[PDB]
Amino acid sequence: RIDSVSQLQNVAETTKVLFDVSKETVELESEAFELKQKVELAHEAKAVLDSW
Amino acid sequence: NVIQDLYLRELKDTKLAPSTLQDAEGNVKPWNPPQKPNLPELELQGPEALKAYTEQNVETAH
C-alpha cells in the first residue's frame, strides 16, 4: 500500500508542471500565426517577381 | 566592307523596337496583398471545462 501512496505524492505536484507547460507551448503557436502570414507574404512577392 | 555595310545599315536604320509595359502586364502575375491576418480564437475559458473534466472521467487514477 505504501508503494502505491508514494507514487501519487510525487505525481500531485509534477502534473501541475505539465499542465502549465502544455499551455505555454500553445501560446507559442498563437504567435506562430503571425509568422505564418509572414511566410505567405514572402512567397507571394517572390512569385509575382519571378513572373516579371 | 560588306561587314561595314551591314553594320552601318542595321545600326542606323533600327535602334527603336516596340516596348509597351502595359502589354507585359498581361503576361505576368499581379501583386495583391495578404488576406486574413485573423487573431486566434479563444476557447476553453473558465474552470467550467476543468470541473466538468475532473467529474467526466470517472477514472482519475486506477
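In its metadata, the entry names cryo-EM as the structure determination method and reports 4.4 Å as the resolution.

J.: So what exactly am I meant to see when it comes to the overall build of chain B here?
T.: For chain B, the helix and strand inventory stands at three helices and zero strands. By the compact-globule yardstick of 11 Å for 62 residues, chain B is too spread out, its C-alpha radius of gyration being 37 Å. Considering only C-alpha atoms, chain B reaches an extent of 105 × 25 × 15 Å along its principal axes.

J.: Just checking my understanding: could you explain the overall build of chain A for this structure?
T.: Broken down by element type, chain A carries one helix and zero strands. Against the globule reference of 10 Å for 52 residues, chain A gives a C-alpha radius of gyration of 23 Å, more extended than a compact globule. Referenced to the eigenvectors of the C-alpha coordinate spread, the extents of chain A come out at roughly 75 × 15 × 5 Å.

J.: For this particular structure, what's the right way to read helix α1 (residues 2–51) of chain A?
T.: Because an α-helix packs 3.6 residues into every turn, residues spaced three or four apart end up facing the same way. Between its first and last C-alpha, α1(A) extends 73 Å over 50 residues, near the 74 Å set by a 1.5 Å rise per residue. Of all the bends in α1(A), the greatest, near 35°, is centred on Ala12(A).

J.: How should I be thinking about unusual backbone geometry in this particular structure?
T.: Residue and element names in this part refer to chain B. Although it is not a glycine, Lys36 adopts a positive phi angle of roughly 60°. By the element assignment, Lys36 lies in the loop between α2 (21–26) and α3 (48–56). The phi angle at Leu44 is positive, at roughly 70°, despite the residue not being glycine. The topology assignment puts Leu44 in the loop between α2 and α3.

What counts, and where the lines are drawn
For each chain, positions are counted from 1 along the sequence as written; this may not be the entry's numbering. Residues without coordinates are not shown. The naming scheme follows written order: chains are lettered A onward, ligands numbered 1 onward. Part of a larger assembly is shown, with all reported values restricted to the visible chains. Processing note: side-chain calculations cover all non-hydrogen atoms of the structure and skip hydrogens and water entirely. Residues with missing side-chain atoms are left out of burial classes, side-chain pairs and their counts. The helix and strand labels rest on DSSP assignments: H or I over at least four residues marks a helix, E over at least two residues marks a strand, and numbering proceeds from the N terminus. The globule rule used here is 2.2 Å times the number of residues to the 0.38 power, and the radius of gyration it is set against is calculated over C-alpha atoms. The span you would expect from a helix comes to 1.5 Å times its residue count less one. The quantity called bend is, for any residue, the angle between two axes fitted respectively to the seven residues ending at it and the seven beginning at it.

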